[PDB]
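S.K.: here we go, the starting part of the complex in its complex frame:
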Amino acid sequence: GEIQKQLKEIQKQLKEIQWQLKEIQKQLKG
């Protein structure tokens, strides 16, 4: 259903943000 599809997309966006934060944390270490 459409609401559940939107929630799944939001979960994917959060995983992408978590990836971006890990990249930033790596940049701050180096």
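M.R.: On my side now, so go ahead. Residues are numbered from 1 along each chain as shown, chains lettered A, B, ... in the order given.
S.K.: would you map the helices across chain A?
M.R.: Chain-ordered helices for chain A, with DSSP state H as the definition, fall at A:2-29.
S.K.: tell me, how many residues neighbour residue A:29?
M.R.: Residue A:29 sits with 6 neighbouring residues when counted by other Cβ atoms under 10 Å. For every residue, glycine as well, the C-beta is placed using N, CA and C.
S.K.: roughly how far does it sit from residue A:21?
M.R.: Going from residue A:29 to residue A:21 by Cβ to Cβ, to the nearest Å gives 13 Å.
S.K.: kindly incorporate the sequence below as chain B:
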Amino acid sequence: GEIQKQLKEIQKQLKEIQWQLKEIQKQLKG
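M.R.: Chain B now in position relative to the chains above:
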């Protein structure tokens, strides 16, 4: 359709956050 509308606002807000995290990654380039 108020739940769908609110979820779409959240999706747009997460895109704003992704864009700004990408800008932070630029600032942190070596």
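S.K.: ok, residue A:29 - contacts?
M.R.: Under the criterion of Cβ atoms under 8 Å, 6 or more residues apart in numbering or on different chains, residue A:29 has no contact partners.
S.K.: got the residues of chain A near chain B?
M.R.: Counting by Cβ under 8 Å from any Cβ of the partner chain, the residues of chain A lying close to chain B are A:2-3, A:6-7, A:9-10, A:13-14, A:16-17, A:20-21, A:23-24, A:27-28, A:30.
S.K.: give me the buried subset of those residues.
M.R.: Burial of these was assessed by neighbour count (16 or more other Cβ atoms under 10 Å in any protein chain shown); the buried members are A:6, A:10, A:13, A:20, A:24.
S.K.: and chain C on top of that:
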Amino acid sequence: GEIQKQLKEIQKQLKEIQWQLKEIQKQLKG
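M.R.: Alright, chain C goes in next:
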């Protein structure tokens, strides 16, 4: 109801995250 209310809490958390990103970019400039 509870769905709108918890989505509103998510939006508030996302707003506060955006303010953290604003501050982080300010720190990197300074």
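S.K.: my read: residue A:14 touches residue B:15, true?
M.R.: No. Under the criterion of Cβ atoms under 8 Å, residue A:14 makes no contact with residue B:15, lying 11.9 Å away.
S.K.: and chain A, which residues reach chain C?
M.R.: Contact residues (Cβ under 8 Å from any Cβ) of chain A with chain C: there are none.
S.K.: one more time with 10 Å, if that's ok
M.R.: Applying the criterion Cβ under 10 Å from any Cβ of the partner chain, the portion of chain A that neighbours chain C consists of A:3, A:10, A:17, A:24.
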